[PDB]
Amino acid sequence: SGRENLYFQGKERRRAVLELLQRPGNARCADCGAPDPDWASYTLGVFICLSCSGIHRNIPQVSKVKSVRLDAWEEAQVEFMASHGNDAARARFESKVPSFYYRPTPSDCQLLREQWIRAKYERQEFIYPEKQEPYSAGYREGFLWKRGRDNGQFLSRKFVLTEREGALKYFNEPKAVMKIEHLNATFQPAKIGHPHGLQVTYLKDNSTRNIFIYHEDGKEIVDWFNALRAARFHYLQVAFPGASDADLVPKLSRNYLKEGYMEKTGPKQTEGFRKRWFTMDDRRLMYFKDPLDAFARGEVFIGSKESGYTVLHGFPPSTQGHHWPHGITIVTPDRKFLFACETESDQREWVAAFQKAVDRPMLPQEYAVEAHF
């Protein structure tokens, strides 16, 4: 007779709420992919993580959120979640997401995660694809705040990204014409000192230039970032014909595997140790006196073990003059580099980044790159 009573009725209601999290399609946050989302937008019908729920809470005309475990649910609300959910959302709100569009993860800055949510649910850019034209048309112009090479100041400059000319250019007759093949971009809000800060890099003469820009409008800077990825995508299809689209997407733009301060010495190993900001981009290791420098003090190619590159914990017994005690030795065919890290946790992370590069076979295109150093 237990089935006939009000306690059973309630237990079934409670089980129905929790059951929605045990469907495979709802195993990860709809927006950033974090595992085991505990929150739901009951107007959009998605299951999202605590962090994403806060972003949603901030578009209250579109999304209302509450906890699947801790808040009360009306029957109709549970039935709404059950008829929607994360797979449904993917088919609706991610119906027409361009292959080049950057999909954020929990590690990404607030700007990326917020604008992903706004593009999907607020602006509905992937439901109504004409809204994608600002960054999908192969031409984009606009003004951005650009840091001076050496002067610390941000000034308004017109940028033009033109796939037809194969370049990003800007004017201060352009001041610079930067070929797409040599461009990368990564959001760096903490380094730049602005939440919408984007770092754009350009390789010429085997020397990387850092350009540091922002826009007051978060949508506009993220649209520049994705426009640059679109341009990169079209360039790569041309340089690598018969590479699949999926093959190309990881190459469109590259976040840095690691950055941070280390001390280094010179080619003799006796010169004295100097603090530098290091950035590891794929196989290119760049070191700067300051992170916002336009140019590196030096750049090192980290090739594969098949070409005689290796990485070791520690320093040789000879070594003197350093004061951070956690050493890393990089052996290249031409030079032994000695870097010192302030902590063991950082040493471990640096060795792991260098080891990943050494352990991976070189790609065809990387042989000519190596040749330039």
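Sequential numbering from 1, following the sequence displayed.
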item: Coordinates absent for residue 271 in a third or more of other entries; value: yes
item: Other entries lacking residue 323, at least a third; value: yes
item: Missing from the model but present in the deposited sequence, between residue 172 and residue 173; value: 4 to 9
item: Per the entry, higher mean C-alpha B factor between 214-222 and 264-272; value: 264-272
item: 364-372 versus 4-12 - which carries the larger mean C-alpha B factor in the record; value: 364-372
item: 56, 326, 322, 28, ranked by C-alpha B-factor: the highest one; value: 322
item: Residue with maximal Cα B-factor (values as given in the PDB entry) among 168, 243, 111, 91; value: 243
item: For residue 125, the third of its chain into which the C-alpha B factor falls; value: lowest
item: Chain-wide C-alpha B factor ranking for residue 254, given as lowest, middle or highest third; value: middle
item: Chain third (lowest, middle, highest) by recorded CA B-factor, residue given as residue 131; value: middle
item: Within-chain third of residue 52 by Cα B-factor, per the entry; value: lowest
item: CA B-factor ranking of residue 179, expressed as a third of its chain; value: highest
